[PDB]
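Chains as they are written, first to last, in the deposited numbering: chain B, 2 to 427; chain A, 2 to 34, 61 to 439.
Heads up, the beta-carbon is just placed ideally off N, CA and C, and yes, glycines get one too.
Structure first, then comments.
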Ligand SMILES: C/C(=C\c1csc(C)n1)[C@@H]1C[C@@H]2O[C@@H]2CCC[C@H](C)[C@H](O)[C@@H](C)C(=O)C(C)(C)[C@@H](O)CC(=O)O1
Ligand SMILES: Nc1nc2c(ncn2[C@@H]2O[C@H](COP(=O)(O)OP(=O)(O)OP(=O)(O)O)[C@@H](O)[C@H]2O)c(=O)[nH]1
Ligand SMILES: Nc1nc2c(ncn2[C@@H]2O[C@H](COP(=O)(O)OP(=O)(O)O)[C@@H](O)[C@H]2O)c(=O)[nH]1
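What follows is the structure, encoded as structure tokens:
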């Protein structure tokens, strides 16, 4: 089976450039060279992310879109940058803005019919594709409405395949934008009902989890868009190795999304460690299952400890005892039964791959579908009502051909999403 | 005279790859030194592929190794209807191909595992397609029953309930085998807290390399599969016994095996070696099937029981005066050269049918309620082509397997 990535926008082209900088190394795949893989296994299931053209030369099966060259060139004229075929790029010299309405209408559109054309050239790659990987941010522009216009047009041609997304929801404290809430609400409006799995990422948490779980002093984005990559990595790809009980986006969505809402998640890593300082790391399963469920170390600033759990799905990887996994995932389920919902007798959906992170023994990607993501899906929504009762930057959207009802729509759409989420946290 | 084996879903292809590993092992014939007699199937490659890419890879013809490049996905309704069909008729073909290829076969051994995808729903329409193409034969299947707590998939119950019901009315006998129950033996009767799946399946091949292999051998009173169900299953219900074993010894904690026929026989009926977490918390065996193999004498066996029995707190059904279809092979076990099974001269395989599974059935069913009571993952099925009925029925169905596995017994 094969998956296809679509890094949309600077952010996504930034997050991706770091994702493909992890899923790459994890396969021993130099900038454009080849399978200089340490293992002889890091290359049989690559048909999940790569393609086979110049034989020795692979092509990460993913497209990159945008509307302000200033970032894509950063990528390609940068490190790993060169390895994705040229055409594999899509963008415009148009006014990117931070207008969702511009990425999903006046401009974002006139770029999709060429981005859609691209993807299929890949969708028609070969064998049964599993689904799509779309990384982006819900507060900027070329990624929010521009992405949304895609996942909502991708389904139009792939109603079968599974719809993924590691959407960067606006951090709880400091937005790197102004019209944060706008691009947001308007964005998920499309995801909440075009995706079937969405790992919400908080640019802040990744800070908290880099300054406190680690003790890094100048945490730049390269670190951040790593961190993400780890989980984003684990979940998919990684899961397509030999597993003493392997899983994949299918079974994940099939175990991770109770009701149709596609529902959004929260990635968590387990073996995070403080630089050369923390050697230690006896790394068992309880210390791996220890981190994961911890009230911090979770990518979204939401508090797992602030709402129940629908279906946790810790993905293990690195030769270990099932006997303890269950035990460990059991004792965390019991000694902590408080946040695990009773209408799902056995939430946890264990998965134990075999090969682990290169210089690592045991790992534990996480994917909780807690009713704690109602803490942000509320957040990014309360900020909206605000700037709307004063029709704030409304005219950067309108002017770009839009409506005052669509802002009503999207919100109310993305608003009950908090409601149906409260319909289980209780 | 021949027994066909079917191995489906990771479990199925797993548990089995371990029973089919001790097999040749105790038949002195290395990796490629005759030919097997089964057929593996999945709708998610990698697992099956993890066979045909390693040990034993060459002890099976790629024809048998049916495999699907679709998406297994832990939803019953996808392995049965939607995608299972995409490869099923192809399997029926393989099987028949193996069916006609012999001198009057017997039954089938469908190793799989309830709580999953390909093993749950798929097998379901394998057995249906079997039992109505072989009514004149027997259909035994190893029901790896979804653990009582230490689970995995979120749907676990859904899959099962539907699977068991759409199979019951087909197979003739289902040997339950729990995952935890075993664990709770690899820490008690083996002293190892690193029990990998590779071990839980080796302990299956230790209770499987009997029921058949053994039986099919010469000794005291040979026991075919036919005798099993004829002596093991009281009524039409494909009644599902719960495999057991007594010489369950820690090949480094118990420095003693010379533990005479009696003592092991006592072990079997202890609610510890049970392969299923179905502690006889009421259960009244309706018909055990103690299978001795090796250095066991027809009078020592015919004595260990004339007390296991008169132990009374052993409590046997009312209606069954002598429920002990004994079996006695000549060859003892043949432990994996480096496993943890100290290996011994004698060994039972006690695979009884007790008013015990009446338990897990219940719990593993009550889980179904809580879920289905909110539909939970339901759509993940209906989309795959299903109706609110299936779930409805495959429940009312169980309701009966309740109003039956408690009825027949409990009352005298
Ligand atoms: C320079 C490093 C990471 C990094 C810095 S900027 C970027 C994109 N990546 C190093 C080395 C890389 O991590 C790879 C090998 C070591 C993996 C270990 C399992 C490690 O213990 C891991 C859990 C870590 O400690 C982190 C990678 C999270 C980090 O704290 C240490 C680090 O800087 O790794
Ligand atoms: N004893 C034992 N139990 C296993 C093994 N592998 C899996 N199980 C358990 O049996 C359950 C059902 O088997 P699965 O392998 O999940 O089923 P499946 O057919 O693979 O499901 P899909 O992959 O969706 O098709 C699993 O959820 C585990 O709890 C194994 O090798 N031995
Ligand atoms: N983790 C992460 N977040 C980023 C990065 N760059 C920008 N962001 C986030 O994305 C938001 C802006 O989205 P962006 O994609 O740059 O806007 P766009 O180019 O118009 O779509 C900012 O407010 C940040 O929260 C990055 O490299 N990594």
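Let's test the definition: count the other Cβ atoms within 10 Å of the Cβ of residue i and tell me whether it reaches 16, buried, or not, exposed.
{"i": "residue 324 of chain A", "result": "exposed"}
{"i": "residue 346 of chain A", "result": "exposed"}
{"i": "residue 11 of chain A", "result": "buried"}
{"i": "residue 402 of chain B", "result": "exposed"}
{"i": "residue 82 of chain A", "result": "exposed"}
{"i": "residue 11 of chain B", "result": "buried"}
{"i": "residue 428 of chain B", "result": "Here chain B comprises residues numbered 2 to 427, so residue 428 of chain B is not present and cannot be evaluated."}
{"i": "residue 128 of chain A", "result": "exposed"}
{"i": "residue 121 of chain B", "result": "exposed"}
{"i": "residue 199 of chain A", "result": "buried"}
{"i": "residue 394 of chain A", "result": "buried"}
{"i": "residue 249 of chain B", "result": "buried"}
{"i": "residue 415 of chain B", "result": "buried"}
{"i": "residue 106 of chain B", "result": "buried"}
{"i": "residue 225 of chain B", "result": "buried"}
{"i": "residue 30 of chain A", "result": "exposed"}
{"i": "residue 59 of chain B", "result": "buried"}
Could you tell me whether the Cβ atoms of residue i and residue j are closer together than 8 Å?
{"i": "residue 309 of chain B", "j": "residue 258 of chain B", "result": "no"}
{"i": "residue 305 of chain A", "j": "residue 383 of chain A", "result": "yes"}
{"i": "residue 373 of chain B", "j": "residue 417 of chain B", "result": "no"}
{"i": "residue 61 of chain B", "j": "residue 6 of chain B", "result": "yes"}
{"i": "residue 397 of chain B", "j": "residue 403 of chain A", "result": "no"}
{"i": "residue 66 of chain A", "j": "residue 118 of chain A", "result": "yes"}
{"i": "residue 289 of chain B", "j": "residue 230 of chain B", "result": "no"}
{"i": "residue 196 of chain B", "j": "residue 152 of chain B", "result": "yes"}
{"i": "residue 318 of chain A", "j": "residue 260 of chain A", "result": "no"}
{"i": "residue 152 of chain A", "j": "residue 111 of chain A", "result": "yes"}
{"i": "residue 241 of chain A", "j": "residue 320 of chain A", "result": "yes"}
{"i": "residue 144 of chain A", "j": "residue 173 of chain A", "result": "no"}
{"i": "residue 133 of chain A", "j": "residue 165 of chain A", "result": "yes"}
{"i": "residue 326 of chain B", "j": "residue 375 of chain B", "result": "no"}
{"i": "residue 154 of chain B", "j": "residue 91 of chain B", "result": "no"}
{"i": "residue 48 of chain B", "j": "residue 128 of chain B", "result": "yes"}
{"i": "residue 139 of chain A", "j": "residue 168 of chain A", "result": "yes"}
{"i": "residue 348 of chain B", "j": "residue 311 of chain B", "result": "yes"}
{"i": "residue 367 of chain B", "j": "residue 270 of chain B", "result": "yes"}
Can you tell me the Cβ-Cβ gap for residue i and residue j, rounded? I've got them flagged as a contact below 8 Å.
{"i": "residue 371 of chain A", "j": "residue 270 of chain A", "result": "The Cβ separation is near 18 Å, so there is no contact."}
{"i": "residue 69 of chain A", "j": "residue 100 of chain A", "result": "Not confirmed; about 12 Å, so no contact."}
{"i": "residue 289 of chain A", "j": "residue 331 of chain A", "result": "4 Å"}
{"i": "residue 296 of chain A", "j": "residue 355 of chain A", "result": "Not confirmed; about 18 Å, so no contact."}
{"i": "residue 63 of chain B", "j": "residue 8 of chain B", "result": "6 Å"}
{"i": "residue 370 of chain B", "j": "residue 266 of chain B", "result": "5 Å"}
{"i": "residue 104 of chain A", "j": "residue 408 of chain A", "result": "4 Å"}
{"i": "residue 33 of chain A", "j": "residue 85 of chain A", "result": "5 Å"}
What does DSSP give as the partner residues of residue i in its beta bridges?
{"i": "residue 304 of chain B", "result": "Partner(s): none; residue 304 of chain B has no beta bridge."}
{"i": "residue 6 of chain B", "result": "B:63, B:134"}
{"i": "residue 222 of chain A", "result": "According to DSSP, which records beta bridges pairwise, residue 222 of chain A is partnered with nothing at all."}
{"i": "residue 318 of chain A", "result": "A:354"}
{"i": "residue 268 of chain B", "result": "B:368"}
{"i": "residue 199 of chain B", "result": "B:265"}
{"i": "residue 354 of chain B", "result": "B:244, B:318"}
{"i": "residue 205 of chain A", "result": "A:172"}
{"i": "residue 380 of chain A", "result": "A:314"}
{"i": "residue 299 of chain B", "result": "B:269"}
{"i": "residue 22 of chain B", "result": "According to DSSP, which records beta bridges pairwise, residue 22 of chain B is partnered with nothing at all."}
{"i": "residue 137 of chain A", "result": "A:7"}
{"i": "residue 53 of chain B", "result": "B:59"}
{"i": "residue 166 of chain A", "result": "A:135"}
{"i": "residue 310 of chain B", "result": "B:371"}
{"i": "residue 30 of chain B", "result": "B:36"}
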